[PDB]
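Next up is one chain by itself, shown in structure tokens, the form deposited in one PDB entry.
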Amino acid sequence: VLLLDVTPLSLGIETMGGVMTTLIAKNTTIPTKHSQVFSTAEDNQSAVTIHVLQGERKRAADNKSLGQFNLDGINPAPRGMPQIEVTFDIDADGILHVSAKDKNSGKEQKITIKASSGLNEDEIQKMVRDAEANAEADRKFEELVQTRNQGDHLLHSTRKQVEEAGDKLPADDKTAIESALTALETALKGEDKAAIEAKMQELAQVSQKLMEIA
């Protein structure tokens, strides 16, 4: 061959908070195969949407949508139990194969995206310039969304452990933890990274007796 196919933009999926999670880094020569494991956002969630994106922006909306499919039939389970393995496989012909398989159940759904799909050679240059120009705001969006996601994770896991401890949790601890949960829940609604991180830390500080019930 005289030529190799190389990705000019990151490829990946939309994850919680409308952020792009990259499966295939830009400047990758094909063929290539990459996979990452995702999970559900809620207890008893029966489906996940695989929204395939191309671009260098952090907000899913600012990137090029290549397609979407659902993986459904996820049997009821705790948040984080399902193991949704998402595979991006680009063959020699430049066709993107997207697979999502729950490795717990072997249930799988797929799409194929044609080598022609996505941004053109002008739009690629337009996308690279936008990412360059928006680099700082894009980073602050990504760091805020991730900090909220982390607060959300602590909030859910701490609530689970309160539920499990039941009547064994003393009243001083129950009152302090419930009150710390409300405070973090309120912080997540804001745009202040530091405020969410402080409420995470204050919850962690009062929850130590909680984990000592096991």
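Shifts are known only where both forms have a C-alpha. What we label the rigid core is the largest C-alpha set whose atoms superpose within 1.5 Å from one form to the other. For every residue, the number given is its place in the sequence shown, counted from 1.
If you take the mean CA temperature factor per stretch, which one wins between 186-194 and 14-22?
In the deposited entry, the stretch with the higher C-alpha B-factor mean is 186-194.
Which is higher on average in the deposited entry, the C-alpha temperature factors of 41-49 or of 164-172?
Here the higher of the two C-alpha B-factor means belongs to 164-172.
Pick out which of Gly106, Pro76, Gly80, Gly118 has the highest C-alpha B-factor in the PDB entry.
Of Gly106, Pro76, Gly80, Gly118, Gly118 has the highest C-alpha B-factor.
Which one of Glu132, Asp72, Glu85, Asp89 shows the biggest C-alpha B-factor in the PDB entry?
The record points to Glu132.
What third of its chain's C-alpha B-factors does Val128 belong to: lowest, middle or highest?
Tercile = highest for this residue's CA B-factor.
Test of reading the entry: by CA B factor among the chain's modelled residues, which third contains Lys140?
Highest third - that is where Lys140 ends up once the chain's C-alpha B-factors are sorted.
What third of its chain's C-alpha B-factors does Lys114 belong to: lowest, middle or highest?
Within its chain, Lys114 is a highest-third residue by C-alpha B-factor, going by the deposited values.
How does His153 rank on Cα B-factor within its chain, lowest, middle or highest third?
Bottom third by C-alpha B-factor.
Here the subject shifts to the form deposited in another entry, a form of this protein not shown in this document.
Comparing between this form and the one not shown on the rigid core, is the C-alpha shift at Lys33 2 Å or larger?
Comparing forms between this form and the one not shown, the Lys33 CA shifts below 2 Å.
Superposing on the rigid core, is the Cα displacement of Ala60 between this form and the one not shown 2 Å or more?
False for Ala60: its C-alpha shift is below 2 Å.
Relative to the superposed rigid core, which consecutive-residue segments of length 3 or more display CA displacements of 2 Å or more between this form and the one not shown?
CA shift runs, sequence order: 1-4, 147-213.
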